[PDB]
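Participant: This is the structure I want to talk about, given as structure tokens.
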Amino acid sequence: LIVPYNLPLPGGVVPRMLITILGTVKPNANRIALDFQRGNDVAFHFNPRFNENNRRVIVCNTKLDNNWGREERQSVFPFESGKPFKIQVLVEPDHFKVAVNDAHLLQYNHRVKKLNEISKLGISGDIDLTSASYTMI
Ligand SMILES: OC[C@H]1O[C@@H](S[C@@H]2O[C@H](CO)[C@H](O)[C@H](n3cc(-c4cccc(F)c4)nn3)[C@H]2O)[C@H](O)[C@@H](n2cc(-c3cccc(F)c3)nn2)[C@H]1O
Ligand SMILES: [Cl-]
């Protein structure tokens, strides 16, 4: 699975939909990014950064009209350089549920209301990708 990787989401994102991304973080990693896309806009951007002011942080944002909105930041960082990870993204009708390494990490309230229109997920950054699928729960 070649990074940058695109995972098509036919029908779009829909409540009860569970996205599982398995992979490994590369050594001396700087950044990782998941991008739930609605055209040229990014509905949900999940962005672990490993060195921002000598600190590790997860930045979440929405890009509407080539402009990034309000940053949602999480200090809780479950990723490590040269270590495998499991990211699980559950779609609910009120928020995105993000779990990493089988423990809930963050919630991301839907800025884009047209969930049937979010038809693509992009996996990019400093990672070796093992598995990318989705199913209903
Ligand atoms: O919003 C998310 C976007 O962020 C900008 S960096 C952004 O730059 C702005 C410049 O005006 C501000 O500085 C903003 N900022 C910093 C703080 C702060 C700083 C410290 C502490 C603290 F409290 C607060 N508050 N606001 C920065 O986060 C990235 O380029 C962008 N992006 C990344 C990628 C990308 C491409 C390929 C791979 C990949 F992983 C990511 N492709 N687009 C995306 O991640
Ligand atoms: Cl970045």
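Chains: A, B, ... in order of the structure tokens. Residues: from 1 per chain. Ligands: from 1, in order shown.
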As a quick test: using only C-alpha atoms and all ligand atoms, which residues lie no more than 10 Å away from ligand 2? Give them as JSON, numbers by chain.

Facilitator: {"A": [30, 31, 32, 33, 47, 48, 49, 50, 51, 52, 58, 59, 125]}

Participant: Contacts of residue 102 in chain A at 9 Å or less, counting only C-alpha atoms, minus same-chain residues fewer than 3 places along, as a ChimeraX atom specification?

Facilitator: /A:86-88,99

Participant: Could you list, as JSON, numbers by chain, every residue within 8 Å of residue 115 in chain A, counting only C-alpha atoms and ignoring same-chain residues fewer than 6 positions away?

Facilitator: {"A": [12, 13, 14]}

Participant: Mind listing the residues within 12 Å of ligand 1, only C-alpha atoms and all ligand atoms counted, as a ChimeraX atom specification?

Facilitator: /A:3-5,25,29-35,41-64,66-75,122-127

Participant: Between A:16, A:26, A:120, A:83, which is the closest to residue 101 in chain A once you count only C-alpha atoms?

Facilitator: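 Once distances to residue 101 in chain A are computed over only C-alpha atoms, the minimum belongs to A:83.
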
Participant: Please, which residues of chain A, numbered as in this document, come out strand (DSSP E or B) from DSSP, as a ChimeraX atom specification?

Facilitator: /A:5-8,17-25,31-38,41-49,57-64,67-68,72-74,83-91,95-100,103-109,120-125,127-136

Participant: Out of A:7, A:76, A:100, A:19, which residue has the shortest atom-to-atom distance to residue 134 in chain A when counting only C-alpha atoms?

Facilitator: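 That would be A:19, the residue with the smallest distance to residue 134 in chain A.
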